[PDB]
């Protein structure tokens, strides 16, 4: 069929398209020593009072990138139990909001075999929920990450192109040295389809892939002992102490910083940090140590990585790069002082009553797959 061809650097030109033969080449062929080391901290799943205080402790308005702006993270938000006033405030503070589906269906075979329409209802539907109940009007909800990192073959990416999503961050790249830069899906993936029973795209799709490089979990990377990598931090099951986590962060930082400076992805679940105080303590110690010692390291959103790829800036130029200064150091007031607490039901979620907090008036129905606005209208 129309299998995407291997990367052709002649018809894949910035800013629409970026590829290299193995995914390790730096955009714009900048020297590695002049490339800012980007770090994309991300958090999956619901934003609510289970984790709102954790995010305040991390993103305290005192941790700043070398451009003077607050460090920024990306939230892949799933619908159930999410507080949309909190999503709105997180966005107001300059963090990126992306979608992680409505249902977070735990049947992994559903995702790997879902139709284009199924992917659309889950992901475009979740975008509708966020844009409405968090009142986000600037079309900045543009990223997708699938539950359980289940890639949806071509169907997922056909959906994302039809729905005008900017990027996916579901595809894992096996532990590699050097690690991989993001790539667009117009051309063949520069690495194997990785993971149990994974179905990866094969055709050309006008979608960016914020590829998830596995991290090296080896406690002593000096051997030649071989261990599978890990993409989600909490899937690195040998990390048991704060000291191990601290060394793990340094080792994988160095892997990126000392090679091709590919963006380093630190992909979290809030609960993993919250339930393990020594991990949170080690993480913050590490962040603060990296920020003080590096004038060339930026904690940025996923969209901000793509913006750099589209217009590569050296470390010196990065200080005044305007996309990285959007919502530089937001203070101000929340969109509403006391959000509505909506107790909602829906025949799509039979039995449950789910509280949804929003600055908007409560909808008549609990939003779900077949009614993402919660308006209860007939179709």
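Residue numbers count along the first chain shown, from 1.
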Test of understanding: from the entry's C-alpha B-factors, which stretch has the higher mean, 183 to 191 or 79 to 87? 183 to 191
Stretch with the greater mean C-alpha B-factor as recorded in the entry, comparing 277 to 285 against 120 to 128: 277 to 285
From 167, 268, 226, 308, can you pick the one with the highest C-alpha B factor in the entry? 226
Among 213, 154, 303, 238, highest Cα B-factor in the entry goes to 238
Can you tell me whether residue 203 has a C-alpha B-factor in the lowest, middle or highest third compared with the other modelled residues of the same chain? highest
Chain-relative C-alpha B factor for residue 163 (record values, thirds): the middle
Grab the CA temperature factor for residue 329 from the record and place it in the lowest, middle or highest third of its chain. highest
Quick check for you: using the entry's CA B-factors within this chain, is residue 109 in the lowest, middle or highest third? highest
Sorting by Cα B-factor within the chain, modelled residues only, which third would residue 49 end up in: lowest, middle or highest? middle
